[PDB]
Structures are given as structure tokens and as C-alpha cells.
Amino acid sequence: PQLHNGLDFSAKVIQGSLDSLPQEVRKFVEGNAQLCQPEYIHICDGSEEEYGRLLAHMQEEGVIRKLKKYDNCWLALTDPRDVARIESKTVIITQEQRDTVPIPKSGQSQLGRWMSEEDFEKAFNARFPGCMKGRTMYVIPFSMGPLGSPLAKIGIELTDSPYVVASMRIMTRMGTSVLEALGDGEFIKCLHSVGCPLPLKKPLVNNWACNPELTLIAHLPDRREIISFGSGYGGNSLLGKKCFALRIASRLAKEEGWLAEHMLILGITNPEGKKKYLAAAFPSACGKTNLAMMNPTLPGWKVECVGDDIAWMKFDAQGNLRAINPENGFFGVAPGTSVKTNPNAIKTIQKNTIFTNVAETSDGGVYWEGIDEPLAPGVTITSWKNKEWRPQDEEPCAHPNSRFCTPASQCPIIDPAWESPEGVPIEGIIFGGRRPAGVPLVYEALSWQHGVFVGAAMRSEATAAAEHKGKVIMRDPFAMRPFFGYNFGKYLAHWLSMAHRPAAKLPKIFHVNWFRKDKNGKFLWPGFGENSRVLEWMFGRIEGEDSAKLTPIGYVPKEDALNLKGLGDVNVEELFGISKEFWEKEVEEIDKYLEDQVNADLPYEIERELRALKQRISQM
């Protein structure tokens, strides 16, 4: 069927067979092979041997180091220019801008970044032609969600990064079995390049191929494509995670009647064995992973982890909100993780785990700020910047957004239904972020509509998960500001529409604040395992216990309803204080934000809830 060789890159296939692929997967591979011009094509099978060999190969080349203190753990140090997400270089392409983001009155949108089809094609042509010269194109078949779940979705990621291949094996279900399950079905098309064709034009910093100048993370939902160039950092290069499972999936979810959210999923069991599942949306680096696998301090209580980051949720024909974790692993913030703060994480990351931008001890272990493990005298530390480090120095040993990438199956409290194809029934949804002032430890929304407004109103101190520096309290509706796949106003309408659904059992909505501080900047709440005390209250409220007092912002715990045994030094009045002054200002600021950023796309119900909150506050 050809006058010469065709577009047949069969000669360059070094694992698997293009003939073995489904026809559409083959076209995707060969088309991009012709564009990117890789030397070889490696069709990933996801096997232990493939993984081990690829890791040793990376080890040979000085791309990673083996951590000799642990069972099969590895360390990658990056170019300091490629350390986190970059929201300003993250774009969604649609025919109309307004389908992607509301048109902001003030001229600049805080809700996503749109690029025209025409501008994107120019950006694409300035980057990808020949970009994989001298490198292997890896073909990664992956499933988001358990294989054969009705809620699961398959993708194919093309990459020239062995680091991406290894990390995808942990964070997704990856390999031959995914291709077999896929058959001739549709798949999300994911294209990635580090953007450093050989021979190299500039020298690599720290053996980490990247192209910060041309870095662009693009989403084309109408073509079912994700196209990411120039960054190896996980959020930008593990295309199943933020790019697919939040951005693409949120819009699909809108179209099909389900939800794709930046939420942990956990099971909480009381001392008498009664169990419920909760979902929680906190902004990046605001405590989801610590909550999802919390070691509860309250005797008798148990927490089990379903997922720590992304939730796909859909009301079943019985009206239960069913959640699955679409990921296969945890891509968790390293700094702060200790036996004290997160004992279950520490046990998970003992083996089969890839660390990125943490420090290395002289005995082949890992180190970071807040690890809370003294080292023997004589043990020295290499920083994430590959230099000798002392606790003297005014510079952290690990990068603030350094990460572990670890299999979810190893979590000692992984929930028994964490791969159930039907999902787990959600009875409560928790919103929250970092608020140093004004917002009490916990409150409960008055209705679904108020609950959606509470999600929409979320604000949170900036973190190191993206490019944002300092401690400015930013707006982060639903913890989804960096991740909306479409118009935020339409997303709110979609959320509100859940109330009108066949027999839907709407979860109770809560808002929490672990991060309230006193005059001296000291946390008023110790948090971590002590947050079990907040979860107890939520549990009883879902059961219908009369443990709530009505305030202007919603229901708070009655006096003595929170179990504070073992925490008698906690200042309850300060922690739970609601100031008319603060809240007048808060509502005014929410008003102006929504009017500016959402305007004509703002649902009536949300504006109504705003008007109601304002009125309730005026009566204080």
C-alpha cells in the first residue's frame, strides 16, 4: 500500500510492534514520529523488567541515582528552572474563548488561559518539528481508574523522557493489558517532549533535559489532545494527571453528567465500625495527602485512603455519589512529611518510590525540611542542588515543591474498595484552604446551593506547587483555579444542576481551616492527626446529630460538641470566632471577584447565595 516505505517507522521500533497496535493508536504514533523524528520507538509493556532496565539505564546516564538505603528507590534532581507547574504557560484551545473562561470585565482572567487555534498552531510548529532527534519515543498506554471500571478512561502518552515513563508506571495503570482492554475504543491523545533534540544546542543543567523558554502545556478538548512541550516536572509531563484527569475530564464530565475534581477520597470508620466516605478539595499543597492517609489521634477511629488528589464522581441510578480515584499512585509534596505528621506516607515511600528534588544523605537515604529524623554524627547531606549542605545554610536542603512518586498499593491504610470498579459512596464534601485570619476551624453549609457558593468563594495562601511566590491569599474556587477545563460559570451551573438529578443524595458540604494563626503567627490548631476530631463532628452531622449552632456563615459545632480531650491548651473562642468586620470585607471581596471574573456566566443561584450571606452578616 505504498510507493516507497510510506510513513512506516517499523524499522525504528525497538520494543513491541506497530502491527500489534490498534489502528488509531498506530496513526497517532506514526504521525508524531514523522513530526518529532525520534531515532527509536519503544512501545511500553509496563513489565517489571522494562521498568528495572529503564531505571538502570537512566542510572548509567546520570539522569537518576539509586538510593542504596532503601528497596528500589530512586532520586532525580532537576534543572532549577523546571521545578513546578507554570500556570501562565498552561493553555486551553477552543474556537470561542468564552467556552474556556468567562470574559473578565477588568481585562485579565484569573480562571484559566485561552489560546486561539491559530496561535497554537504557530506555537506548535515553533517547537515540535524534529524535537525528538536522537532520542527514543516511548509509547505509554495508560488507564486512569481501575482497568475495566465503567468510570475508567484510557490514554496514550508519547514521550522522549524515561523519567516520565517510570513515573507514569507508578501514577497510572500502564502497559500491554491497557492496549488489550482498549481495543478499537477512543483514547486521549497525549504528546510530550522535553524539547531538547540531539545534538544539544545548550548544555544540560544537572543532566535534566528541558526547555524553559518554550515551555507550553496545551489542551485541545475538541480534538481530544493534550500537547506539552519543554518541562519534565510531573504536573506538566504526566499528562494523565492534571492535564487529562482534571482539565480534559472536567469538560467531558460537564457534557456527560459527572464530576472531575481536585479532591482526595477517604473512608472514615468510628469506634463502633460505622464507615463513611468523604471527599475534600484543598488547593495544591494545602493538606489533601495528609488528610487522605491521616493517622487519627482519637482512639477507635480509622482513616483509609482511596485517593489523595483527583476524584471522578458520578451519581448512580440509586442516587449515591460514587467516587473513584483515577490515579494509581501518590505524587506527594515531600517537605513536612514525618512520622509525626504523616506516618502512613513514611511507610508507603519505603520502597519502589521515585523522589524528585529532595536531599540525599551520605548513607543513601533521603532528607528534607521537617523530616524530623536526626542523623548520626558524621552523616552528611547533599542538597537537591547537588552540593554539600549544612543546617547552618539559609537555603533548604530539598526544593519546597519536591515530591515523592509512590505506588498507592503500598499505603498501609489503602482502602479495600480503592479499586472497586463501581466506586465508593460519598456522604460529605469538604472545602478548605490556608486562611491565617477570620475563617473558623469548621463550618457546614446550609444547603447544596450555599455549599456550591462556599466552594466558589474559596481563598487560600499561595504555595510552591506552581510559580506563585510569597504568601498572598489567592482565590482558588473549588481548589480548581489552575485546572478548570472550561468556563467556570458553566462549572458552577453544572454543580448546581446536581440538585435536580434523579434521586440524588446530595452530600453534606463543609468548609475547614487548619491554618488559622494567632497574633504571633502560631497555628491555633495542631492539625494532622488531630483533624480526626473535626471529622468526628462531620460524621455525626451526616448521621443527623443535633451538634450544630447556626451562625451567619453556616452551622458550627455547639459548645462542647468538639472532642478536645488532650488539647486543653487550644483557644476555642479565637479559633471559632466570627468577626462581622472580617466577614463584611470577605463578602464584599467575593462580590467584586465574581462580578469581575464570572459576570454574565455567574448562575443566579450563586449571586443569590452571595446576597443572602451579605444580608445575614448585616444583621450581626
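The numbering used is simple: start at 1 and walk along the sequence shown.
Can you tell me which stretch has the higher mean Cα B-factor, 43-51 or 562-570?
Between 562-570 and 43-51, it is 562-570.
Mean C-alpha B-factor higher for 123-131, or for 199-207?
Taking the mean C-alpha B-factor of 123-131 and of 199-207, the larger value falls to 199-207.
Per the PDB entry, maximal CA B factor within 229, 282, 483, 389:
Max CA B-factor in the entry, restricted to 229, 282, 483, 389: 389.
Looking at the C-alpha B-factor values in the deposited entry, which of 443, 478, 330, 523 comes out highest?
Highest CA B-factor of the listed options: 523.
Which third, lowest, middle or highest, does the C-alpha temperature factor of residue 21 belong to within its own chain?
Ranked within chain, residue 21 CA B lands in the highest tercile.
Chain-wide C-alpha B factor ranking for residue 78, given as lowest, middle or highest third
Answer is middle: the recorded C-alpha B-factor places it there.
Lowest, middle or highest third - CA B-factor, residue 397:
Highest third - that is where residue 397 ends up once the chain's C-alpha B-factors are sorted.
Could you tell me which third, lowest, middle or highest, the C-alpha B-factor of residue 496 occupies within its chain?
For residue 496, whose C-alpha B-factor we compare with every modelled residue in the chain, the answer is the lowest third.
In terms of the CA temperature factor given in the entry, to which third of its chain does residue 182 belong: lowest, middle or highest?
As the PDB entry reports it, the C-alpha B-factor of residue 182 lands in the highest third of its chain.
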